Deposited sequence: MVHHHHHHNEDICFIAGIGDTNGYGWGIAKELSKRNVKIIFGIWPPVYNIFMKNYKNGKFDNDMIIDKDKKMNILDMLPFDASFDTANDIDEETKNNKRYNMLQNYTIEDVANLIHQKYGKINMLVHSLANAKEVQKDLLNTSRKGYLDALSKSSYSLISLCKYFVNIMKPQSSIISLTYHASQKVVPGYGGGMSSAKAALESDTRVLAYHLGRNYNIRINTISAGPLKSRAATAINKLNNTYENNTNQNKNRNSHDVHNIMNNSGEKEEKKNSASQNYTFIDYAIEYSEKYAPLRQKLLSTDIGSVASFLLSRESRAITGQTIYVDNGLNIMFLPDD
């Protein structure tokens, strides 16, 4: 009986869903953490049957969704909730959605878990290049995309079993430049990859828990489209990557499933590339 918390699903078109689907093949029970502004729309669509085909694994298997909870990675505890958000129409009907509140809820309802997925990012100035990003904009990217991972580990470690495992998602813009990946998103991914190492040291030594990050190639997710640098990145990857196949969210999903299992017990602190090999190339091969 394995339980995974996946923080960062808003629809069926991102990596978090692909990860949920692949874990389900292994009979892992899934809890979704859903950003409060899209929580109700998600629930409506789910209730309305919009995701029913998206949920099919096998001839014999539906995805087993244990729960779906509102989850906001910008707040650590109840003390951090600011009053404008406390009053926002979308947040008003929701409760216990800070990082600590959701660990407590999960623990109270289901007991201890053994897999944790961070699958989320935000950067209010993602559309500006780094040089024109404000302090507020930069720190928001770091806060939502990088620090949220450390906070998640801090609060969830207490409700996890020994030999538990943690993954996050990153992008290669942290290491090589991608013009257009703005707003301090590149900086936040670099911090996330570095933090994955430091966290692996503390979590390995103090709890025997492992943490890794998957550097994913491009996927036409809601976040990607909102940034169409994405249609370009996808076309580029499909022309130039060693592997010509379309990169699927379930390609990242099956890697995540492995990293989250005991089959990878001797892997920790690593950035694992799942991108059809594209990261290895220097120049276009024209």
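Missing from the model, relative to the deposited sequence, are the stretches 1-9, 237-279.
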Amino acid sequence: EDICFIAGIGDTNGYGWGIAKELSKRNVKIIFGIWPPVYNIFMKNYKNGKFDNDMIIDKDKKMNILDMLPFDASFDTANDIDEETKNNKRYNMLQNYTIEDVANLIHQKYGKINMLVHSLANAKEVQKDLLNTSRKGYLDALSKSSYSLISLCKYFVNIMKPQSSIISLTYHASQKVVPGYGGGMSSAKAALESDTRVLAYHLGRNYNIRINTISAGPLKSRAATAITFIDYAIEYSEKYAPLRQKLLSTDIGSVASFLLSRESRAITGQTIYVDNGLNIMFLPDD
From here on, numbers count along this sequence of modelled residues.
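Definition used throughout: the rigid core is the maximal C-alpha set that superposes within 1.5 Å between two forms.
Superposing on the core and measuring CA offsets in 6 other deposited structures of this protein, the stretch of 108-116 and 82-90 with the greater mean deviation is 82-90. Modelled in this chain, residue 58 is nonetheless unresolved in at least one third of the other entries of the protein that span it on both sides. Stretches 68-76 and 185-193 differ in mean C-alpha B factor, with the higher average recorded for 68-76.
Two stretches are in play, 86-94 and 125-133, and the higher mean C-alpha B-factor belongs to 86-94. Set against one another, the Cα B-factors of 224, 31, 259, 241 in the record reach their highest point at 224. Of the candidates 108, 165, 151, 119, it is 108 whose Cα B-factor is highest according to the PDB record. The entry lists a Cα temperature factor for residue 160 that places it in the highest third of the chain's modelled residues. Among the modelled residues of the chain, residue 281 sits in the lowest third by CA temperature factor in this PDB entry.
Remark: residue 49 belongs to the highest third of its chain, ranked by C-alpha B-factor as recorded. In the PDB entry, residue 14 places in the middle third of its chain by CA B-factor. Residue-level temperature factors show residue 213 in the lowest third of its chain, judged at the C-alpha atom.
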